[PDB]
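Take a look at this single chain, the form solved without the ligand, given in structure tokens.
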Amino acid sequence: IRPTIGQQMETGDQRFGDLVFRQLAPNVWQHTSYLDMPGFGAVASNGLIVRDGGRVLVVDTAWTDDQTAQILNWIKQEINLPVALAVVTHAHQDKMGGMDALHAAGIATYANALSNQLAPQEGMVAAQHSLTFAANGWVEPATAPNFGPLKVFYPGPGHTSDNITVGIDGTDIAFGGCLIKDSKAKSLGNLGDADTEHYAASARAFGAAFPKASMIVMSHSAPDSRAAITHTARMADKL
């Protein structure tokens, strides 16, 4: 009995090691990893895996190198194609905590230049390559070579000063990372590194950048429809 990963994922989300995987589209999966907070519930973070022909692309690490190695194990087991590159969406642990595992696997990594400046200070590892954004927020194409369907956008400072977002061309999906929370959320999570003045405008800019994305994928909520964007901006208004 040898079903494809797509065939297997019709049963629902799949637990794999300490992670959970969910198929969002025929070639797009959400990875979920968890940070144990002793005495409290574990903090979930989501990223993406995209099968782009004969290669795989990753958006965001897991919280740790080990969890990130578990992602790579899942990719080997279920997809059985090489991982070419990863884009990581700011210098917090949930997004860049596993850079060493990516680098050891020969994966080329990309982050906002600002994320690369901030990461080592925090005991993290910079990505190998730095993205630069035009004033309009779109990545300068020369700094994002061979990204396939990934369309990278800097919406402005919000959840952090360096937060970036990623649309997946040919799908209904845009990834807001930690900038966006779902339409039912009671809070924006930890705002300790947030730009409270600009957050709402940056959430709006993300929505405007990917107007055809009907599925909004987020780090700290399950996927939602576009109402998540204005809900997030409403929660962020006049912080």
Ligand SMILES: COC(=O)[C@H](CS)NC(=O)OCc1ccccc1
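The first residue of the sequence shown is number 1, and the count goes up from there. Just so we're on the same page, rigid core means the largest C-alpha set that superposes within 1.5 Å between forms. Residues that one form lacks are left out of the comparison.
Student: Per the record, averaged over C-alpha atoms, which has the higher B-factor: 5-13 or 218-226?
Tutor: According to the entry, 5-13 carries the higher average C-alpha B-factor.
Student: Between 33-41 and 47-55, point out the one with the higher average CA B-factor as the PDB entry records it.
Tutor: Higher of the two, by average CA B-factor, is 33-41.
Student: Select one of 167, 156, 98, 145: the residue whose C-alpha shows the highest B-factor in the crystal structure entry.
Tutor: The record points to 145.
Student: At the C-alpha atoms, which of 93, 121, 112, 160 reaches the highest B-factor in this entry?
Tutor: In the PDB entry, the greatest C-alpha B-factor among 93, 121, 112, 160 is found at 121.
Student: Please place residue 193 in the lowest, middle or highest third of its chain by C-alpha B factor as given in the entry.
Tutor: Middle third by C-alpha B-factor.
Student: For residue 136, does the deposited CA B-factor place it in the lowest, middle or highest third of the chain?
Tutor: Its C-alpha B-factor belongs to the highest third of this chain's values.
Student: Thinking about Cα B factors across the chain, which third does residue 183 belong to?
Tutor: For residue 183, the deposited C-alpha B-factor lands in the middle third.
Student: Residue 202's Cα B-factor: lowest, middle or highest third of the chain?
Tutor: Middle third - that is where residue 202 ends up once the chain's C-alpha B-factors are sorted.
Student: Could you say whether, by C-alpha temperature factor, residue 107 belongs to the lowest, middle or highest third of its chain?
Tutor: Middle third by C-alpha B-factor.
Just so you know, the form deposited with the ligand bound exists too; it's not on screen, but the next bit is about it.
Student: Decide open or blocked for this chain: the ligand is absent here, so superimpose its site C-alphas on those in the deposited complex and check whether 3 or more ligand atoms come within 2.4 Å of a backbone or C-beta atom.
Tutor: Open, per the superposed partner pose.
Student: Does the ligand get within 4.5 angstroms of any non-hydrogen atom of residue 220 in the deposited complex?
Tutor: Answer yes; at least one heavy atom of residue 220 falls within 4.5 Å of the ligand in the deposited complex.
Student: Find out whether any non-hydrogen atom of residue 210 is located within 4.5 angstroms of the ligand in the deposited complex, and reply yes or no.
Tutor: No, residue 210 is distant from the partner.
Student: Flag residue 94 as yes or no: does it have a non-hydrogen atom within 4.5 angstroms of any non-hydrogen atom of the ligand in the deposited complex?
Tutor: So residue 94 counts as contacting the ligand.
Student: Does residue 205 reach the ligand in the deposited complex if we count a contact as any heavy atom within 4.5 Å?
Tutor: Close contact is absent here: in the deposited complex, residue 205 is far from the ligand, nothing within 4.5 Å, heavy atoms only.
Student: May I ask you to list the residues of 32-65 that have any heavy atom within 4.5 angstroms of the ligand in the deposited complex, in sequence order?
Tutor: The stretch touches the partner through 37, 40, 43, 63.
Student: Taking the rigid core as the reference frame, is the Cα of residue 41 displaced by 2 Å or more between the shown form and the other one?
Tutor: Moves: yes, 2 Å or greater.
Student: Looking only at residues in both forms, which consecutive runs of at least three have C-alphas displaced 2 Å or more between the shown form and the other one after fitting the rigid core?
Tutor: Run moving 2 Å or more: only 37-41.
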